[PDB]
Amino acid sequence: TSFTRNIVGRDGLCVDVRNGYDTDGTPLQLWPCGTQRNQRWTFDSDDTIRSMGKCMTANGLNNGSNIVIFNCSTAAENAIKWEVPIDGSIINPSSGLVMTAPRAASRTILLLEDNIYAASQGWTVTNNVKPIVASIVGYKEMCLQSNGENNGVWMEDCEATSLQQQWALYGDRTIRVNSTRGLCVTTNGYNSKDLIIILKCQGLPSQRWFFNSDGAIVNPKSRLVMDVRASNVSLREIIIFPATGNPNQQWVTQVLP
């Protein structure tokens, strides 16, 4: 069974076969998302991912290997299989390396690299090529809110008119300030009780998040989850902390009008 989507990643750019060429070996790159065929990827039940009738192919299975388009029947079988872990990676099972956008820029060429759970290794398979804009509702039904670059995020009463409560959920698995999309929700370290702040998006593992089935917002590198510190909204501190299932770690997205 097959279905076709765009693949959105770093900075909301899409996986794109360079210059629309279908020549074997043409690299994959980032490019602003659109409907062109070299950005439409068909996911088949054989774990191939195809554009223009050819396969996404690792041109080698080493750290730093380029990913290219290549004829599905003549490519090495190992090199054309991909899986899509629930946290938003795109992994080549043979090598265990993951598809990575090493720079934010358009025309950055995609590589297989060691998985470090970086936001540069986050992807979203979707027909909607725009970030989803939502409030993030958590403990006491309050809303997560940003408060400027380098400052903490924290909880406030939900307001339809508070733009700092509006989050752009980007395809690279970053959570960005909707009005200032260069800025990312960032853990300031990977240890329990490190503080969650807003920092310039830099593709880092500290800027990657996963909304899991238990209502947690998980930082995959650390394993830890967003937590309203001490269940005390007046502290105005959100930290990462091990998942406990407690109310101060439950979150819902609510789409904004």
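Throughout, we count residues from 1 along the sequence that is shown.
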Task: 227-235 versus 196-204 - greater average Cα B-factor per the deposited record - done: 227-235
Task: Mean C-alpha B-factor comparison - 170-178 and 80-88, higher one - done: 80-88
TODO: Going by the CA temperature factor in the entry, name the top one among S106, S120, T126, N115.
DONE: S106
- [ ] Would you mind finding, among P32, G60, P220, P27, the residue with the largest C-alpha temperature factor in the entry?
- [x] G60
Task: Where the record places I49 (Cα B-factor, split into thirds across the chain) - done: middle
Task: Cα B factor band for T1 (lowest, middle or highest third within the chain) - done: highest
Open item on the list: Using the temperature factors of the C-alpha atoms in this entry, rank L111 within its chain: lowest, middle or highest third.
Closed with: middle
- [ ] Comparing against every modelled residue in the chain, figure out the third that the C-alpha B-factor of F43 lands in (lowest, middle or highest).
- [x] highest
Task: Cα B factor band for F211 (lowest, middle or highest third within the chain) - done: middle
